[PDB]
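Undergrad: Residue numbers (the deposited numbering), protein chains in the order written: chain A, 1 to 306; chain A', 1 to 306. A prime marks a further copy of an entry chain.
Here you go, one structure.
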Ligand SMILES: *C(=N)[C@@H](NC(=O)[C@@H]1[C@@H]2[C@H](CN1C(=O)[C@H](NC(=O)C(F)(F)F)C(C)(C)C)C2(C)C)c1cncc2ccccc12
Ligand SMILES: *C(=N)[C@@H](NC(=O)[C@@H]1[C@@H]2[C@H](CN1C(=O)[C@H](NC(=O)C(F)(F)F)C(C)(C)C)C2(C)C)c1cncc2ccccc12
């Protein structure tokens, strides 16, 4: 038992991280087979990143303007192209550590692990969710651009996120691995801001099931509610609506605990209307929304990856 | 910016995890050079683990009673011995993935990363602290015995923890890598229980500094206090005493924020006496004590590992 915000083992991704330098900008790249992926704003300078034209900036570059460092070895760039907001740097060596991988785009509400990197060297790993407003509440400093987010499904790394920028509220925005931003953010230095967020209702319910599984039951009650009457309460507390597909996804957890999904919604209603009254759930005094039903089954049942 | 509970990249440790089977018990082992380390209770059976004599149990075992699985390869055990509560299984192959490593024993209050494993396959990574009562609040199921806790200092893995058991409150107990338990726990199935815990004061203060660095300042005040008058409040709220060495360790963070350590203690006093009044700090409605001053400097400055 116990419940922790748990990331995937990062080894398979560590072997893909490299350092990309262009001009006086250094950031991280992702080396798979003979391609290095990195944020296109690497080709910009301080006065470029105000309002850049990336097609213009890139045509003025040469293969030799890109320095790729794989640990303490020199990768020769033999080609370069832009794909949306990422650069693809063709190099003369295939990464021998290339795992089986996919490029997938995730939904707000889903989670992934982040391997934060600086100068191509991995620094730490942690678990994030894609917020409903398409930002992520990450932990990122100067130099961290190009760190990636991923999930692991058996032996295959599904890359879903590459870091590009920090917004004024301290949250982070980036792209999928085909270079398409999550949310309405652009890789240029405007006054852009996050925009209003919501709480991920199905995840909160999943985490309440994790708490029951781990022995926290004080918030349970004999009450029930209808889906429609629950969603009225959700809207007022800026939770997002619960759908029948969410109820279905919570079925296994419902079955395992014997607590009907709509019964747990009634528990959530009461928590939203009364608060917790000085008590905690799974070591938190807040309702946690960054665990999916999958994450909970994973950790409260024990699946591995090879 | 941002602040996350961040673990070390796990790759260097993933390459050391193996599966150890003896009888009908399977758990995890740690393979360094030509030795596999694992909890000694692997040699016990259901009726053995009540009150075992491990010297008796081990003399009745042979090298061939230990099955060591390194992925999908067979390691031949060529020797076995007991060192306190761990077994050392001499195998006929040195682990080619052996990192530079040390065996260190940590202090309550210090943190480490855990690579939870099942059947020798790594499942997830997360960050824990050694509680003042020598337990850890981990996330561990059947089969997870022998997963290890570690820190990384540049390229060298300092192993500090190997998992042995879950206590009735759902918290976890284990040993250092020389087999000596943390705390007053034994690898036998008694009625043993955690014992009373305290909050790690210096860590809370460090985390308050992380919050200031990240823009949370609402809990700051013009008040100050003396170390003695702070420690009077700490005792009443079951925080542990703050020492002058703690004040010194918090110096860099103090300097960086311009908030004197004793000023931040006065802020902590007020938080303990008034609570937070519906506000949050770094996304928490509780005072967090599982980040050390080092962890905070690490994440709010950006050190890597190679
Ligand atoms: C990458 N290592 C770094 N981010 C950038 O360099 C991007 C890049 C340039 C500015 N930028 C930013 O993240 C923002 N800028 C913005 O315009 C904003 F707010 F997103 F709209 C700054 C935080 C630097 C002002 C362009 C082309 C958008 C990076 C990544 N994560 C965190 C972080 C923290 C501090 C400095 C740089 C950071
Ligand atoms: C290892 N994979 C497993 N732990 C054990 O097998 C140890 C081992 C036997 C019993 N044990 C336990 O962790 C406790 N037993 C206790 O006696 C206690 F509470 F610690 F005092 C049980 C939780 C199984 C009752 C001995 C020799 C102490 C393990 C490790 N982590 C979690 C976990 C959860 C469920 C089952 C087994 C678990």
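For every residue, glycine included, the Cβ atom is placed at its ideal position computed from N, Cα and C.
1. Quick test of your reading: residue 10(A') and residue 3(A), contact by CB under 8 Å. State the CB separation rounded to the nearest angstrom.
2. Is the beta carbon of residue 56(A') within less than 8 Å of some heavy atom of ligand 2?
3. If distances are taken between C-alpha atoms only, which option among 81(A), 34(A), 151(A), 201(A) comes closest to residue 308(A)?
4. Say the cut is 8 Å; is the CB of residue 187(A') nearer than that to a heavy atom of ligand 2?
5. Going by the DSSP bridge assignment, what does residue 90(A) pair with across the sheet?
6. In whole angstroms, what separates the C-alpha of residue 255(A') from that of residue 204(A')?
7. When DSSP labels each residue in this structure, what does residue 174(A) get in the three-state scheme?
8. Within a Cβ cutoff of 7 Å, which residues of the same chain sit near residue 197(A'), ignoring the five residues on either side of it in sequence?
9. Does the pairing of the stretch 94-111 of chain A' with the stretch 157-167 of chain A' give three or more beta-carbon distances under 8 Å?
10. For ligand 2, I want to know if residue 121(A') counts as a neighbour, meaning its beta carbon is within less than 8 Å of at least one of the ligand's heavy atoms.
11. Return the chain-ordered list of same chain residues with a C-beta closer than 6 Å to the C-beta of residue 15(A), the five sequence neighbours on each side being excluded.
12. Go ahead and label residue 52(A') buried or exposed: buried means 16 or more other beta carbons lie within 10 angstroms of its beta carbon, across all protein chains shown.
13. Are residue 23(A) and residue 85(A) closer than 9 Å when you measure CB to CB?
14. Along the chain, where does the alpha helix (DSSP H) that runs through residue 209(A') open and close?
15. For residue 5(A), decide whether its Cβ has a neighbour in chain A', counting only Cβ atoms nearer than 9 Å.
16. Could you say which of 285(A'), 44(A'), 283(A') lies nearest to residue 58(A') if we only look at CA atoms?
17. Any residues in the stretch 79-91 of chain A with a beta carbon nearer than 7 Å to a beta carbon of chain A'? Which ones, in chain order?
18. For a quick check, are the C-beta atoms of residue 118(A') and residue 28(A') less than 9 Å apart?
19. Is residue 47(A') near ligand 2, judged by its Cβ being under 8 Å from some heavy atom?
20. Beta-carbon of residue 300(A') versus every beta-carbon of chain A: anything under 9 Å?
21. Going by DSSP, name the residue or residues bridged to residue 156(A).
22. I need the boundaries of the alpha helix (DSSP H) containing residue 251(A), first residue and last residue.
23. Of all the options 292(A'), 232(A'), 173(A'), 274(A'), which has the alpha carbon lying nearest to the alpha carbon of residue 208(A')?
24. Could you please give the first and the last residue of the uninterrupted alpha helix (DSSP H) stretch that includes residue 124(A')?
25. The beta strand (DSSP E) spanning residue 113(A) covers which residue range?
26. Give me, in chain order, the residues of the same chain whose beta-carbon lies closer than 6 Å to that of residue 1(A); leave out the 5 immediate sequence neighbours on both sides.
27. Residues in the stretch 167-185 of chain A with C-beta within 8 Å of chain A''s C-beta atoms, listed in sequence order?
28. Compute the minimum distance between the beta carbon of residue 290(A) and the heavy atoms of ligand 2, and state whether it is under 8 Å.
29. What do you reckon, are the CB atoms on residue 283(A') and residue 137(A) nearer than 9 Å?
30. Do we get a CB-CB distance below 9 Å when we pair residue 116(A) with the residues of chain A'?
31. Would you mind sorting residue 193(A) into buried or exposed? The rule is 16 or more other CB atoms within 10 Å of its CB.
32. Report yes or no: is there a C-beta of chain A' within less than 9 Å of the C-beta of residue 75(A)?
33. Determine the burial state of residue 40(A'): buried for a count of at least 16 other Cβ atoms within 10 Å of its Cβ, exposed for fewer.
34. With distance defined between alpha-carbon atoms, name the residue in 195(A), 265(A), 211(A) nearest to residue 168(A).
35. Comparing the CB of residue 301(A') with every heavy atom of ligand 1, is any distance shorter than 8 Å?
TA: Here's the rundown:
1. Not confirmed; about 19 Å, so no contact.
2. no
3. Since the first and last residues shown for chain A are 1 and 306, residue 308(A) lies out of range.
4. yes
5. 35(A), 79(A)
6. CA-to-CA, the gap between residue 255(A') and residue 204(A') works out to about 17 Å.
7. strand
8. 131, 132, 133
9. yes
10. no
11. 97
12. buried
13. In this structure, residue 23(A) lies away from residue 85(A), with their beta-carbon atoms at least 9 Å apart.
14. 201-213
15. yes
16. 44(A')
17. none
18. yes
19. no
20. yes
21. 153(A)
22. 251-257
23. Distances from the CA of residue 208(A') to each of 292(A'), 232(A'), 173(A'), 274(A') were compared; the closest alpha carbon is that of 292(A').
24. Here residue 124(A') belongs to no alpha helix (DSSP H); instead the beta strand (DSSP E) covers 121-129.
25. 111-118
26. 214
27. 170, 171, 172
28. no
29. yes
30. yes
31. exposed
32. No, residue 75(A) does not count as interfacial toward chain A'.
33. buried
34. For residue 168(A), the nearest C-alpha among the options comes from 195(A).
35. no
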